[PDB]
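Residue numbers (the entry's author numbering), protein chains in the order written: chain A, 297 to 505; chain E, 24 to 283, 296 to 333; chain F, 219 to 316; chain G, 1 to 215; chain N, 1, 100 to 176. First comes the structure, then the notes that go with it.
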Amino acid sequence: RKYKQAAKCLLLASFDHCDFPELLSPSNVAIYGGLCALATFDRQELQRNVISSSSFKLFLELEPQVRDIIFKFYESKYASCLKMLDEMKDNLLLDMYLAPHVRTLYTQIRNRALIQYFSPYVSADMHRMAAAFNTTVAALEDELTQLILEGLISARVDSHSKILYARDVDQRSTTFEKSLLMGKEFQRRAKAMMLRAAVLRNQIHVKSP
Amino acid sequence: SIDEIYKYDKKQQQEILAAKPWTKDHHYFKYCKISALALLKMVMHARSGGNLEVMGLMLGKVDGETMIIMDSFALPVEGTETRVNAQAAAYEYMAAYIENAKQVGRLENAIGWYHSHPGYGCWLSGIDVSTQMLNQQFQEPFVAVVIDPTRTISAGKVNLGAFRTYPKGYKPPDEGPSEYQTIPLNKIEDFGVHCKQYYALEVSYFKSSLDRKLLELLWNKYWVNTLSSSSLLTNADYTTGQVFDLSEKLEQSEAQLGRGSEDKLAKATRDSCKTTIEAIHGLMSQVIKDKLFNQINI
Amino acid sequence: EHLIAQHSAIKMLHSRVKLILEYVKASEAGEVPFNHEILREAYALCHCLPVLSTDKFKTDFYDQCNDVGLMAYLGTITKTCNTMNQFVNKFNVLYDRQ
Amino acid sequence: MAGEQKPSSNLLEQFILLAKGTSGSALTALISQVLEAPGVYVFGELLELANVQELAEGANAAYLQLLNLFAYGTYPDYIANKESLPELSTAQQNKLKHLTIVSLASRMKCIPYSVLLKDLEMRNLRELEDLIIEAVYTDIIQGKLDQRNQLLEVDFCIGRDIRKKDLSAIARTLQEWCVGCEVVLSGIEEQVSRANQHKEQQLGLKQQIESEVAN
Amino acid sequence: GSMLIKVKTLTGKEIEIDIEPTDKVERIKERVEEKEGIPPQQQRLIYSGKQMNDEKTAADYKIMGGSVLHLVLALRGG
Ligand SMILES: [Zn+2]
Numbered sequence: 297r298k299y300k301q302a303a304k305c306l307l308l309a310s311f312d313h314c315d316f317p318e319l320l321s322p323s324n325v326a327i328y329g330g331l332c333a334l335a336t337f338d339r340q341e342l343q344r345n346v347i348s349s350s351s352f353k354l355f356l357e358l359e360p361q362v363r364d365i366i367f368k369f370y371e372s373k374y375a376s377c378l379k380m381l382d383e384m385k386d387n388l389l390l391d392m393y394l395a396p397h398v399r400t401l402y403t404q405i406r407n408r409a410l411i412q413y414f415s416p417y418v419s420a421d422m423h424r425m426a427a428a429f430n431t432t433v434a435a436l437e438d439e440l441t442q443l444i445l446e447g448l449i450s451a452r453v454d455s456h457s458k459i460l461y462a463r464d465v466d467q468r469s470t471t472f473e474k475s476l477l478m479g480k481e482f483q484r485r486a487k488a489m490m491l492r493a494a495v496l497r498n499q500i501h502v503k504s505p
Numbered sequence: 024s025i026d027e028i029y030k031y032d033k034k035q036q037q038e039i040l041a042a043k044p045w046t047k048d049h050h051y052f053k054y055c056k057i058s059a060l061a062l063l064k065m066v067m068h069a070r071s072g073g074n075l076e077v078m079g080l081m082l083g084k085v086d087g088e089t090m091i092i093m094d095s096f097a098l099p100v101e102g103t104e105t106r107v108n109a110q111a112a113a114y115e116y117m118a119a120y121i122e123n124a125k126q127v128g129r130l131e132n133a134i135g136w137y138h139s140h141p142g143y144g145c146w147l148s149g150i151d152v153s154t155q156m157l158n159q160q161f162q163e164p165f166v167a168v169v170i171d172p173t174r175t176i177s178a179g180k181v182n183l184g185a186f187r188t189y190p191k192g193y194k195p196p197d198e199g200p201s202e203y204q205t206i207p208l209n210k211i212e213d214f215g216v217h218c219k220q221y222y223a224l225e226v227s228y229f230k231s232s233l234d235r236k237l238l239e240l241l242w243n244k245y246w247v248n249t250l251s252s253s254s255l256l257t258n259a260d261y262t263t264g265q266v267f268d269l270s271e272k273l274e275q276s277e278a279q280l281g282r283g296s297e298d299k300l301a302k303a304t305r306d307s308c309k310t311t312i313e314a315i316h317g318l319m320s321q322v323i324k325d326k327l328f329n330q331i332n333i
Numbered sequence: 219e220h221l222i223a224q225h226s227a228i229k230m231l232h233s234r235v236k237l238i239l240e241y242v243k244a245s246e247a248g249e250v251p252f253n254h255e256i257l258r259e260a261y262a263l264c265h266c267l268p269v270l271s272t273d274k275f276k277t278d279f280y281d282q283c284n285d286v287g288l289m290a291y292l293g294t295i296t297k298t299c300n301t302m303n304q305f306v307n308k309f310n311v312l313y314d315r316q
Numbered sequence: 001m002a003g004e005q006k007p008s009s010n011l012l013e014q015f016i017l018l019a020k021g022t023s024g025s026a027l028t029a030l031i032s033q034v035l036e037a038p039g040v041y042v043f044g045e046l047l048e049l050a051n052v053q054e055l056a057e058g059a060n061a062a063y064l065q066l067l068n069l070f071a072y073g074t075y076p077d078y079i080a081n082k083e084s085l086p087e088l089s090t091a092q093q094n095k096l097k098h099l100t101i102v103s104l105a106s107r108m109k110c111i112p113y114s115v116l117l118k119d120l121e122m123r124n125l126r127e128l129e130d131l132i133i134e135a136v137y138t139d140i141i142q143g144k145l146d147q148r149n150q151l152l153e154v155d156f157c158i159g160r161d162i163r164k165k166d167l168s169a170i171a172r173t174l175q176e177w178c179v180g181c182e183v184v185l186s187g188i189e190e191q192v193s194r195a196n197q198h199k200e201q202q203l204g205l206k207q208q209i210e211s212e213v214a215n
Numbered sequence: 001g100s101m102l103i104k105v106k107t108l109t110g111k112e113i114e115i116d117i118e119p120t121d122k123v124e125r126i127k128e129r130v131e132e133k134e135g136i137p138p139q140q141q142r143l144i145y146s147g148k149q150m151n152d153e154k155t156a157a158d159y160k161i162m163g164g165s166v167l168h169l170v171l172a173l174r175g176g
């Protein structure tokens with residue numbers, strides 16, 4: 297599950313080996329590799345890995361499906377992208393080896409679908425966007441609520457807006473509050489250790505009985 | 024007289040110059056009477072030198088038991104702190120200067136080594152400890168005149184030390200200061216190789232009454248400049264470099280006190308308190324100006 | 219040893235604008251020339267009063283002093299942590315075999 | 001002739017010799033050519049001459065009214081006192097507007113636009129900032145247009161007039177506040193001669209203690 | 001200076115200087131500029147078609163009395 301070096305090799309597909317029936321079906325070869333990547337990557341080097349993929353280009357050209365899948369994925373047609381995503385749900389299941397990580401994959405998939413589109417905006421409107429992702433308004437916002445559980449933007453929603461506003465502005469005052477929290481626990485520890493010097497140097501302990 | 028010490032008795036001065044008390048005791052020179060030419064271009068040519076190390080000839084003399092620095096300063100050069108006997112190459116300066124300095128009655132002769140480690144001192148490093156030791160077996164009376172430019176920038180005091188190094192054969196007796204100083208990686212090892220081979224001179228300063236009146240009158244219109252510093256903007260980045268350096272020094276104090296450079300934790304606490312004091316006093320002066328001129332309400 | 223350069227320059231110009239003050243006072247007093255360019259500048263001055271009320275620098279100086287003060291807070295750290303390390307030393311000295 | 005902040009430099013001995021030799025109606029012509037002198041709209045040592053003293057309270061007593069207006073009054077005074085003073089040109093009427101407005105910015109850090117719109121009878125933005133930019137264009141005004149505060153940013157003011165006399169009280173209030181900030185800062189000075197002089201003594205003695213701790 | 103070498107400009111300005119047999123040409127530069135206003139960093143010290151390291155000893159290149167320390171140097175100083 298350290299799929300970083302996994303895709304590091306997946307990109308490394310060298311057709312000129314040209315034969316091993318136990319190796320992988322080139323359908324599975326490309327889908328396997330590139331989707332380990334599509335989990336692992338950050339977009340830039342991977343587009344490099346993808347748009348500027350040369351050694352994999354046959355492996356590239358194997359599945360036109362997954363090819364334009366990840367293409368317009370990074371181009372963000374999330375609707376049909378996710379569509380064929382959880383359509384090959386069943387067939388990755390049909391992979392013995394795609395089955396064991398379907399949850400992992402689809403998890404990080406819709407995660408990074410978020411990560412992809414959400415980053416530029418400032419206030420997450422949902423209406424047309426939900427029309428895209430094809431998640432019900434509640435299911436949409438609860439996806440979002442999930443997102444709240446971990447998300448990166450100091451963001452809030454008028455539900456009646458049916459729309460987020462994303463992360464806030466200041467980090468300075470943030471530093472301020474962490475600073476004061478710092479200082480308070482500092483003084484706390486400090487008295488603690490004063491009293492600790494007392495208890496030690498005052499011989500203090502607890503017997504066993 | 025206040026001018027009694029400005030009197031350069033070339034007779035008396037060059038007499039004690041040829042006196043060779045150091046060959047009888049290499050600890051004879053305890054004092055270092057200085058005229059502020061050392062401070063003058065030592066300071067502003069270590070600072071104007073950026074970070075470029077320098078070298079050369081100091082004006083001066085000797086009086087009683089005293090080396091005397093009439094001059095010390097910097098070059099627009101480099102290489103010092105790593106040069107094989109750097110300082111020599113700038114002596115051409117008063118290869119000429121002092122000569123026709125005698126043409127104005129500056130009948131002085133060459134006495135020492137001007138220099139500066141812009142940003143990190145004025146001294147002689149490992150290769151310059153070859154310099155320092157070799158030359159004090161070459162050139163005694165010789166001194167490691169030591170003041171740090173950026174230390175004197177963020178410090179507010181001139182840590183001057185005339186370091187007659189203990190020549191080979193002569194160990195530090197009772198009085199060897201050996202000013203331990205945080206050295207870069209280049210020369211810290213060789214300082215540990217030679218940290219206890221020098222002592223300091225009791226560096227006093229001599230002047231005229233006109234000198235004091237001039238400095239007071241300097242202040243008497245510089246105070247306007249005093250309330251126009253804006254130096255928290257100046258080296259806040261310097262404070263940041265100290266940020267990194269200090270977290271690093273706490274890393275290294277960690278690594279030292281782990282199992283078993297002496298007590299880097301205590302030294303680090305010391306230097307941290309120091310540099311924080313530095314930034315805080317900068318903020319002091321700046322808040323001073325601020326609250327003053329901004330609490331002027333109509 | 220710093221602020222006395224402040225003190226010196228301020229006292230120098232203080233003598234300057236105080237001689238100013240003195241021959242000024244004489245202007246309104248008597249037997250010393252009546253000019254309209256004397257105080258007038260003083261009016262300019264009293265409208266030169268505390269520059270930047272602005273709240274701009276107000277926030278700015280919250281910034282400055284908070285920076286230096288949290289610096290000093292960390293240094294409450296530096297001081298008492300050095301003290302703490304020496305305490306743990308001597309705790310490993312007599313309570314323990316350091 | 002002489003040169004610092006003032007109107008057209010001819011004016012000093014110009015109107016000296018004029019009031020000296022031009023009087024009554026010649027004095028009126030004197031005054032008419034006095035009228036355009038911006039930085040000296042007030043003639044304290046120029047009304048020093050009895051020729052201007054008869055300029056004043058003579059036929060041109062209304063003009064001494066106007067002169068004191070320059071010294072004391074404002075253009076909005078004329079907006080009320082439309083008949084008291086002598087005639088003025090639209091240029092010079094705007095000049096008295098600039099009187100009161102430079103006095104205002106002299107008062108505030110930045111005077112509001114509506115302030116001079118109303119007191120100086122200024123109707124709209126266009127003419128408003130026209131006379132504004134011409135005032136600043138005189139270079140009396142530093143700073144810039146304080147639009148957001150609806151003010152005029154002010155960094156420097158050249159002296160408008162000679163502004164007959166709070167002069168004594170002016171300079172002595174100056175002495176007052178100068179000494180007041182001085183004494184605030186000097187109490188600070190000796191608190192400093194306390195504290196980190198106290199810091200010298202305290203740490204010196206504490207270090208004496210620490211040194212004597214050994215043996 | 100025990101070693102009395104020559105620092106020579108491009109036009110042939112050979113200057114007599116007292117240095118040591120381990121005296122740094124790093125400080126020999128300092129010497130040439132403290133003596134002649136021509137600063138040393140365009141006093142590019144080249145030894146036999148190949149540069150002398152600015153951070154070296156003169157005697158590192160078997161430099162001696164009549165030896166040459168190349169400037170190429172400047173004209174305004176001189
Ligand atoms: Zn060396």
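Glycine residues also receive a C-beta, built at the ideal position from the N, C-alpha and C atoms.
- The C-alpha of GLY79(E) lies about 13 Å from the C-alpha of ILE121(E).
- Residue burial annotation: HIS313(A) is exposed, with fewer than 16 other C-beta atoms found within 10 angstroms of its C-beta.
- Runs of beta strand (DSSP E) with 3 or more residues, each lying fully within the stretch 206 to 282 of chain E, are found at 221 to 224, listed in chain order.
- In the DSSP annotation of this structure, the continuous segment of the alpha helix (DSSP H) that includes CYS377(A) starts and ends at 374 to 381.
- Taking the Cβ of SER153(E) as the reference point, at least one heavy atom of ligand 1 falls within a distance shorter than 8 Å.
- Short of 7 Å from the beta carbon of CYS377(A), and not among the five residues preceding or following it, lie these beta carbons of its own chain, in chain order: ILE365, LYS368, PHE369.
- If you draw a 10 Å sphere on the C-beta of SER165(N), you find 16 or more other C-beta atoms in it, and that means buried.
- About 6 Å separates the beta carbon of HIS50(E) from that of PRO196(E), a gap short enough to meet the 8 Å contact definition.
- Beyond the five residues adjoining it in sequence on each side, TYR63(G) comes within less than 7 Å, by CB distance, of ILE31, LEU55, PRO86 in the same chain, given in chain order.
- Judged by pairs of C-beta atoms under 8 Å, the stretch 176 to 188 of chain G does not touch the stretch 131 to 138 of chain N, as fewer than three such pairs exist.
- Burial check for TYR29(E): the Cβ neighbour count within 10 Å stays below 16, so the residue is exposed.
- If you check the CB distance, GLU45(G) and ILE162(G) come in under 9 Å.
- Within the same chain, and ignoring the five residues on either side of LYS6(G) in sequence, the residues whose Cβ sits closer than 6 Å to its Cβ are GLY39, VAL40.
- Chain F places a beta carbon closer than 9 Å to that of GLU48(G), counting this residue as a contact.
- Following the DSSP letters along the chain, one finds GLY287(F) in no beta strand (DSSP E) but inside the alpha helix (DSSP H) bounded by residues 273 to 311.
- From the beta-carbon of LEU327(E), the residues of chain G found nearer than 9 Å are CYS181, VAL184, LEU185, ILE188.
- In the three-state DSSP reduction, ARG452(A) falls in the strand class (E or B).
- In terms of beta-carbon proximity, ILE126(N) lines the interface with chain E, with at least one pair separated by less than 9 Å.
- In this structure, DSSP gives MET150(N) a state outside helix and strand, which the three-state scheme calls coil.
- Taking C-beta atoms as the reference points, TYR54(E) and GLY87(E) count as a pair closer than 9 Å.
- Inter-residue distance for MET93(E) and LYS122(N) is about 25 Å (C-alpha atoms, whole angstroms).
- When the Cα atoms are used, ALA214(G) and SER271(F) turn out to be separated by approximately 55 Å.
- A straight-line Cα-Cα distance of about 26 Å links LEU231(F) and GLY143(G).
- Between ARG452(A) and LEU460(A), the C-beta gap is smaller than 9 Å, which places the two residues in contact.
- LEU183(E) places its beta carbon 9 Å or farther from that of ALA167(E).
- Beta-bridge partners of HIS140(E) (DSSP): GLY144(E).
- For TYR461(A), DSSP records a beta bridge to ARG452(A).
- Taking C-beta atoms as the reference points, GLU134(G) and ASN196(G) fail to come closer than 9 Å.
- The beta-carbon distance between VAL66(E) and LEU98(E), rounded to whole angstroms, is 14 Å. This is too long to meet the 8 Å contact definition.
- For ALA395(A), the closest of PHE311(A), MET384(A), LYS298(A) by C-alpha to C-alpha distance is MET384(A).
- Listed along chain N is no residue with a C-beta nearer than 9 Å to that of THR188(E); the closest approach is about 16 Å.
- Here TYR280(F) is exposed: its Cβ has fewer than 16 other Cβ atoms, across all protein chains shown, within 10 Å.
- At a cut-off of 9 Å, the C-beta of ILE331(E) has a neighbouring C-beta in chain G.
- Annotation: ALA427(A) to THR441(A) spans about 18 Å, alpha carbon to alpha carbon.
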